[PDB]
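This report refers to the structure that appears directly beneath it.
Numbers and lists here come from the model and the stated rules, or from a named source; no laboratory read-out is quoted. No Cβ is skipped: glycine too gets one built from the backbone with ideal geometry, and neighbour counts run over all protein chains shown.
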Amino acid sequence: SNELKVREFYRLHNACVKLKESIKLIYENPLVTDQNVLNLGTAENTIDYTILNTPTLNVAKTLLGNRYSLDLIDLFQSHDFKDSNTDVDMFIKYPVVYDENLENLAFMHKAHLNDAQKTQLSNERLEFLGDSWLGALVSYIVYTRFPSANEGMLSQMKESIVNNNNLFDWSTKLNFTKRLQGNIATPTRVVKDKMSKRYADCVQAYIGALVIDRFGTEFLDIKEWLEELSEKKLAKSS
Amino acid sequence: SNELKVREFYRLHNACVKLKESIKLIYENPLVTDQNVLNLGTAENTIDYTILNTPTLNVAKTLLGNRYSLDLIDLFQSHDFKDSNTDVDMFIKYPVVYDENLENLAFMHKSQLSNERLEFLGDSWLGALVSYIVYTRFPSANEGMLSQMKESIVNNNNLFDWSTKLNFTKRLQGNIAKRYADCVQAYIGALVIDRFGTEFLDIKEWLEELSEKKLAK
């Protein structure tokens, strides 16, 4: 329950961060603030009319119009809200997964259960997802961090980060070795199992869990678009 | 003119979609609602205290308290706001790049300015998005099946077919009767650059901190 509060806090905080970003865009948008880009009372077959008549502009205008009563930007500012730091960070080591079952799944390896159900009790799917998303987030980091680098420099920098050796070093830093301890442990006196790959996979799976919990609408249009293009391939689900 | 308005319209609409998503999460968060099902405060421990005195909770409680004056969820519904369909879709064939300079750069082939970095970025984001698609769409597939499905989608042959359907051809040619796949990828790179905001920001910052040694090099 204590842990659940921390989990729900970051879910809440990240939603606040998104709201703040979103409202700033809306308040300052060229289409919303003046009539300097979008003329009023233009003819039915003009783009200005089409746009001004959208639910979107009606909502945006209503929001901008209500600032006198509650100014969302000023709300955040007056409470000294910070996006990337909060007082609760003291209680955590790394970004939090909101769903406790999902977090625990990230560390799970290989009467009875269906091969389908054991599949849900294995971090394999999460690892697959997390591997892809680690690559994308790191690619974004290198691309934005080195605006002059060419493809070869970006690829190399990325490779230096996402390789298994580096991920195993991350697992140690994040203390995943303890996460994987349960009832059965090899004593200090007997030769241990090979654990390196297993640790690296957990890192990927943990990122996969962070992604499942955070994926919302930021890239939803791209996502739906890609899913549509992929609809024929996705149909071959045998 | 028309074109600039469409670009700005989608930037605005996507911000409205995110606002609507976030406000719902804020209104319905267990820490904020009255049931107080997690016994925030009642428990009387240091974390309860820390949580209660955050800007975050203070902001959220103010938002909830103002619903009687303006309820953001009702606002959207009362205007029949739809996330994925708008009257402006008339003007477009596929998702819009807000920055026209960025869109143009995506069509500038490698060997000066070129799309090579965008292609790099967009190739990894295509992979991540398709991975998310198959993961969520086949909740029971094993890793092997997910990989087979994904690979059947993101290979250069499929990407070539897409570039054709999308008519990225009629944009690069006119006079004369792998390059094209790279454009599809660069375009996604552009879409990504335009949309990346706060949704994955905490993970991105954490990964960057973890990567600082490597990046300093």
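Out of curiosity, is residue A:87 of a type in the set (D, E, K, R), surrounded by fewer than 14 Cβ atoms within 10 Å (Cβ to Cβ) and at the interface with chain B (Cβ under 8 Å from one of its Cβ atoms)?
Values: of a type in the set (D, E, K, R): yes; surrounded by fewer than 14 Cβ atoms within 10 Å (Cβ to Cβ): no; at the interface with chain B (Cβ under 8 Å from one of its Cβ atoms): yes.
Answer is no for this residue.
Only one of A:132, A:148, A:155 is of a type in the set (S, T, N, Q), assigned by CATH to the domain that holds residue A:196 and surrounded by 17 or more Cβ atoms within 10 Å (Cβ to Cβ); which? Let's see the steps before the verdict.
Details: A:148 fails: surrounded by 17 or more Cβ atoms within 10 Å (Cβ to Cβ); A:155 fails: surrounded by 17 or more Cβ atoms within 10 Å (Cβ to Cβ).
A:132 is the lone residue from the list that is of a type in the set (S, T, N, Q), assigned by CATH to the domain that holds residue A:196 and surrounded by 17 or more Cβ atoms within 10 Å (Cβ to Cβ).
Please go through the range B:1-29 and pick out each residue that is surrounded by fewer than 17 Cβ atoms within 10 Å (Cβ to Cβ) and facing chain A (nearest Cβ under 7 Å).
Answer for the range B:1-29, where residues must be surrounded by fewer than 17 Cβ atoms within 10 Å (Cβ to Cβ) and facing chain A (nearest Cβ under 7 Å): just B:2.
Enumerate the pairs (first residue in the range A:227-238 and within 15 Å of residue B:151 (Cβ to Cβ); second residue anywhere and in a loop (DSSP other than H, G, I, E, B) and among the hydrophobic types (A, V, I, L, M, F, W, C)) with beta-carbon separation below 9 Å, excluding pairs fewer than 6 apart on the same chain, so at least 6 apart or on different chains.
Short answer, once both residue conditions are applied: A:234/B:138; A:237/B:138; A:237/B:141.
Could you list all residues from the range A:47-84 that are surrounded by fewer than 20 Cβ atoms within 10 Å (Cβ to Cβ) and touching a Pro at 6+ places or on another chain (Cβ under 8 Å)?
The answer is A:79, A:80, A:81, A:82.
Conditions first: (1) more than 15 Å from residue B:15 (Cα to Cα); (2) within 7 Å of another protein chain (Cβ to nearest Cβ). Residue A:92 passes all but one, so which condition is the exception?
For residue A:92, the exception is condition (2).
Quick one: which of B:150, B:170 is more than 10 Å from chain A (Cβ to nearest Cβ) and part of a helix (DSSP H, G or I)? Steps first, please.
On the way: B:150 fails: more than 10 Å from chain A (Cβ to nearest Cβ).
Being more than 10 Å from chain A (Cβ to nearest Cβ) and part of a helix (DSSP H, G or I) holds for just one of B:150, B:170, which is B:170.
How many residues, within the range B:97-126, are assigned to a helix (DSSP H, G or I) and either more than 7 Å from chain A (Cβ to nearest Cβ) or surrounded by 22 or more Cβ atoms within 10 Å (Cβ to Cβ) (or both)?
Final tally of qualifying residues: 16.
All but one of (1) under 30 Å from residue B:116 (Cβ atoms); (2) hydrophobic (A, V, I, L, M, F, W, C); (3) surrounded by fewer than 10 Cβ atoms within 10 Å (Cβ to Cβ) hold for residue A:161; state the number of the condition that does not hold.
(3)
What do you reckon, is residue A:49 over 35 Å from the mean Cα position of the chain (by Cα), part of a helix (DSSP H, G or I) and either more than 7 Å from chain B (Cβ to nearest Cβ) or at negative phi (or both)?
On the way: over 35 Å from the mean Cα position of the chain (by Cα): yes; part of a helix (DSSP H, G or I): yes; either more than 7 Å from chain B (Cβ to nearest Cβ) or at negative phi (or both): yes.
Judged against the criteria, residue A:49 is a match.
Whether any residue in the range B:166-185 is touching a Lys or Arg at 6+ places or on another chain (Cβ under 6 Å) and outside the structural domain of residue B:17 (by CATH) is what I want to check.
Initial filter on the range B:166-185 (touching a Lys or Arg at 6+ places or on another chain (Cβ under 6 Å)): none.
No, that holds for no residue.
Condition (residue is under 14 Å from the mean Cα position of the chain (by Cα), charged (D, E, K, R) and either within 7 Å of another protein chain (Cβ to nearest Cβ) or not in a loop (DSSP other than H, G, I, E, B) (or both)) applied to the range A:194-209: is it met by at least one residue?
So the first thing to find is which residues in the range A:194-209 are under 14 Å from the mean Cα position of the chain (by Cα), and the list is A:204-209.
Applying the additional criterion that residues be charged (D, E, K, R) yields none.
There is no residue in the range A:194-209 that is under 14 Å from the mean Cα position of the chain (by Cα), charged (D, E, K, R) and either within 7 Å of another protein chain (Cβ to nearest Cβ) or not in a loop (DSSP other than H, G, I, E, B) (or both).
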